[PDB]
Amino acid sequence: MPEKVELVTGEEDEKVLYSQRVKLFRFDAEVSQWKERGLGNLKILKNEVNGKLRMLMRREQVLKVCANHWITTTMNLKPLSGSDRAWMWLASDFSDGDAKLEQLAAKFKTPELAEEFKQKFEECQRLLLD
């Protein structure tokens, strides 16, 4: 049988600045529908060696990546008309190991938690201007 392998997370050099359970969606423009992308912890990670910031999220049970993209100053968290606890934004995502331009949205448990994320996300964006 295959031998046991080193467990590699890709986060060994990183520090969690934020982690909150959310439901992630991805807009399918072909059919003009939001599609569930996963359920799990959406994290803001800071790489302690080079200082880079990224979004990272894995799906629960299957444990597969559903969000993996650098935070940029260009990203603009926007509300959705149908929710009081969700934001949408555009990102070049690397979940599947290939860069993909994706229209994403995340729904939080409460509006307070969504506001908390937006404040933390935009604090990070401002630090990038420095």
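Don't overthink the numbering: it's just position in the shown sequence, from 1.
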{"property": "Segment of higher mean CA temperature factor, 111-119 or 5-13", "result": "5-13"}
{"property": "Given 101-109 and 44-52, the range whose Cα B-factors average higher in the PDB entry", "result": "44-52"}
{"property": "Chain-wide C-alpha B factor ranking for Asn76, given as lowest, middle or highest third", "result": "lowest"}
{"property": "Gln61 CA temperature factor, ranked by third within the chain", "result": "highest"}
{"property": "Relative C-alpha B-factor of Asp93, binned into the chain's lowest, middle or highest third", "result": "lowest"}
{"property": "Where the record places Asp84 (Cα B-factor, split into thirds across the chain)", "result": "middle"}
